[PDB]
Amino acid sequence: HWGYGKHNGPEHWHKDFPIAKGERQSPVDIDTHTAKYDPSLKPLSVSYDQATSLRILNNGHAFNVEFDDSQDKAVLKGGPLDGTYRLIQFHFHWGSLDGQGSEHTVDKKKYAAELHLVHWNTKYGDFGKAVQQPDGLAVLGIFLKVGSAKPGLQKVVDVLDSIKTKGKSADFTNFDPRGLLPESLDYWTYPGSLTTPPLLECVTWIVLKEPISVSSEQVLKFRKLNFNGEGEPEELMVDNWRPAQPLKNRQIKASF
Ligand SMILES: [Ir+4]
Ligand SMILES: [Zn+2]
């Protein structure tokens with residue numbers, strides 16, 4: 001029964017998920033002065049040309065755009081990663097106001113939203129096995145700022161009316177996630193966790209330095225979603241972000 005409210009939000013999660021207080025929790029604040037350039041990293045290989053989107057789901061916490069991950073169709077490689085990670089879904093976190101919403105912060109700055117493209121390590125065969133491994137997942141995180149509209153987002157915005165409430169899904173085929181990327185693939189990377197329960201410490205985080213711009217109208221449509229199910233009291237789906245967690249014994253590396 002976890003969520004983002006006063007009674008079930010991030011300050012409560014540790015009671016059911018004690019790893020909430022673990023050594024490699026996400027998100028974190030990225031201190032851009034302390035992050036060290038790691039000339040040994042590599043360029044990110046983002047290979048989304050064959051991506052096959054299937055469906056969009058309101059899961060009561062966010063909405064997920066789901067992909068066919070039954071073969072190596074959309075994969076992330078290179079950078080800090082060893083081997084091949086397959087795209088399974090993307091989702092966002094966003095705020096009630098444009099001054100909050102991101103999970104990661106940059107020198108304590110909060111962005112209006114954050115996109116997470118979730119990928120699993122094919123050496124573990126399936127997502128459920130991958131999340132049990134310290135190198136099981138690679139999540140590409142992209143900040144969103146409010147300014148100009150992001151044309152590649154509007155097809156997502158267009159369908160939200162059809163998945164207003166928890167448990168609703170819609171067909172979402174032929175969506176190209178390349179239209180969500182910024183121009184630069186410069187990034188920060190560190191070892192962390194899922195940012196929602198079960199908070200498993202299985203993620204290599206790759207956070208792009210360049211935000212994408214979306215319009216005020218695009219984000220306002222995110223904020224019309226509901227956390228609740230159909231015919232239940234309306235609770236707007238806003239402020240679905242976990243705040244920054246202790247960095248502990250970790251180093252954030254810069255690709256640039
Ligand atoms: Ir309850
Ligand atoms: Zn996320």
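Along the sequence shown, residues carry numbers from 1.
Contacts of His61 classified as ring pair (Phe, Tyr, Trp, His ring centres under 6.0 Å), with partners at least two apart in sequence or in another chain: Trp2. Every residue was checked against the ring pair (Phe, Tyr, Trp, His ring centres under 6.0 Å) condition with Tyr187, not counting sequence neighbours, and none meets it. Listed by chain and residue number, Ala20, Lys21 satisfy the side chain to side chain contact (heavy atoms under 4.5 Å, CB included) test with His14 (two or more places apart in sequence, or in another chain). Scored by the side-chain hydrogen bond (donor to acceptor under 3.5 Å, both in side chains) test, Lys248 finds no partners at all (sequence neighbours excluded). Among residues two or more places apart in sequence or in another chain, the side chain to side chain contact (heavy atoms under 4.5 Å, CB included) test is passed with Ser213 by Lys145, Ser148. When the salt bridge (charged side-chain N to carboxylate O under 4.0 Å, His left out) test is applied to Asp72, the partners found at least two apart in sequence or on another chain are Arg86. Looking at residues two or more places apart in sequence or on another chain, you find a ring pair (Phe, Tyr, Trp, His ring centres under 6.0 Å) between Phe222 and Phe63, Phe92, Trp94.
The CG atom of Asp38 lies 11.0 Å from the NZ atom of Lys42; values are rounded to the nearest 0.5 Å. Once rounded to the nearest 0.5 Å, the distance linking CD1 of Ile56 with CD1 of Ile163 reads 4.0 Å. Within the model, atoms CD1 of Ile30 and NZ of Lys108 stand 12.5 Å from one another, a figure rounded to the nearest 0.5 Å. Remark: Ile142 CD1 to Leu208 CG distance equals 4.5 Å, nearest 0.5 Å. Atom-to-atom distance recorded for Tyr85:OH and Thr122:OG1 is 9.0 Å, nearest 0.5 angstrom. Note that CG of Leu137 and CG of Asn121 are 8.5 Å apart. Values are rounded to the nearest 0.5 Å.
Sequence neighbours left out, the pairs with a member in residues 140-166 that pass ring-ring contact (aromatic ring centres under 6.0 Å, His included) are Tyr111-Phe143. Screening residues 52-67 for salt bridge (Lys or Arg N to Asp or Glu O under 4.0 Å), with sequence neighbours left out, gives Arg55-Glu66. Residues in residues 214-242 take part in these salt bridge (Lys or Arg N to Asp or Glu O under 4.0 Å) pairs, two or more places apart or across chains: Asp98-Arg223, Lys164-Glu234, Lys168-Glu230. Within the structure, ring-ring contact (aromatic ring centres under 6.0 Å, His included) contacts touching residues 23-46 (residues at least two apart or in different chains) do not occur. Within the structure, every pair that satisfies the ring-ring contact (aromatic ring centres under 6.0 Å, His included) test and touches residues 225-256, not counting sequence neighbours, is listed here: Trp188-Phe256.
The shortest non-hydrogen separation linking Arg250 to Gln25 is NH2-O, 2.8 Å. Nearest heavy atoms, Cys202 versus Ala130: CB-O, 4.2 Å. Here the shortest heavy-atom pairing between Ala244 and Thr105 reads CB-OG1, 4.4 Å. When all heavy atoms of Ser102 and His104 are compared, the pair lying nearest together is OG-O, 2.8 Å. Heavy-atom minimum distance, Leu181 versus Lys150: O-NZ, 3.0 Å. Annotation for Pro177 and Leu117: closest pair CB-CD2, 4.4 Å, computed over non-hydrogen atoms.
Exactly one residue among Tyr48, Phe90, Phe172 makes a side chain to side chain contact (heavy atoms under 4.5 Å, CB included) with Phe67. That residue is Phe90.
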**OP:** Give the intermediate values and the outcome of side-chain hydrogen bond (donor to acceptor under 3.5 Å, both in side chains) for residues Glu103 and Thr195.
**Re:** CA-CA 8 Å; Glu103 296 207 309; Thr195 72; 2.6 Å; yes
Original post:
Should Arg24 and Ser193 be marked as a side chain to side chain contact (heavy atoms under 4.5 Å, CB included) after you check the CA-CA gap, both sets of side-chain angles, and the distance that decides it?
Top reply: CA-CA 6 Å; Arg24 62 172 274 191; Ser193 76; 5.6 Å; no
**OP:** Any chance you could lay out the side-chain hydrogen bond (donor to acceptor under 3.5 Å, both in side chains) test for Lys73 and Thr52, step after step, and finish with the verdict?
**Re:** CA-CA 7 Å; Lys73 288 183 158 193; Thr52 295; 3.2 Å; yes
**OP:** I would like to know whether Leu76 and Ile206 meet side chain to side chain contact (heavy atoms under 4.5 Å, CB included); could you show each step before the answer?
**Re:** CA-CA 10 Å; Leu76 183 66; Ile206 299 170; 4.2 Å; yes
**OP:** Applying side chain to side chain contact (heavy atoms under 4.5 Å, CB included), run through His91 and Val118 and close with a yes or a no.
**Re:** CA-CA 8 Å; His91 61 273; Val118 181; 3.8 Å; yes
**OP:** Would you sort out whether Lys166 and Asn59 count as a side chain to side chain contact (heavy atoms under 4.5 Å, CB included), showing the intermediate values?
**Re:** CA-CA 5 Å; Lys166 178 173 44 174; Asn59 62 20; over 6 Å; no
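Looking only at side-chain heavy atoms (C-beta outward), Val219 and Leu144 stay at 4.5 Å or farther from each other. Proximity of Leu200 to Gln132: side-chain heavy atoms (C-beta onward) are nowhere separated by under 4.5 Å. Between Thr32 and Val106, the closest side-chain pair of non-hydrogen atoms falls below 4.5 Å. Here the side chains of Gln89 and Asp69 are not in contact, with every heavy-atom distance at 4.5 Å or above. Two residues are said to be in side-chain contact when any heavy atoms from C-beta on lie closer than 4.5 Å; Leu87 and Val75 fail this criterion.
Residue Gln251 qualifies as open at atom CD: its count of foreign heavy atoms under 6.0 Å is 12 or below. The environment of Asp186 atom CG is dense: over 12 non-hydrogen atoms of other residues, nucleotides or ligands sit within 6.0 angstrom. Within 6.0 Å of atom CG in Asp107, more than 12 heavy atoms from other residues, nucleotides or ligands are found, so the atom counts as buried in its surroundings. Counting heavy-atom neighbours within 6.0 Å of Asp82 CG, excluding the residue itself, gives a total of 12 or less. At most 12 heavy atoms of other shown residues, nucleotides or ligands fall within 6.0 angstrom of atom CG in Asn249.
Counted by atom type alone, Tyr190 and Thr204 present zero donor-acceptor pairs between their side chains at under 3.5 Å. A side-chain donor-acceptor contact under 3.5 Å links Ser26 and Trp205. Using modelled atom types and a 3.5 Å distance limit, the side chains of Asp171 and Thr173 yield no donor-acceptor pair.
The backbone N or O of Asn226 lies less than 3.5 Å from a partner atom in the side chain of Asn58, making a donor-acceptor pair. At distances below 3.5 Å, at least one donor-acceptor pair connects side-chain atoms of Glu210 with backbone N or O atoms of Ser184.
One finds a salt bridge joining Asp176 and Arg178 here, because a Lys/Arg side-chain nitrogen approaches an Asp/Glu carboxylate oxygen to under 4.0 Å.
Placement of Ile88 and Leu54 in two distinct hydrophobic clusters is found when ILVMFWY residues are connected by side-chain heavy-atom separations under 4.5 Å, directly or transitively. Note on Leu115 and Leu160: same hydrophobic cluster, where clusters join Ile, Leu, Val, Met, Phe, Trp and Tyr whose side-chain heavy atoms are under 4.5 Å apart, directly or indirectly.
The aromatic ring centroids of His93 and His116 lie less than 6.0 Å from each other.
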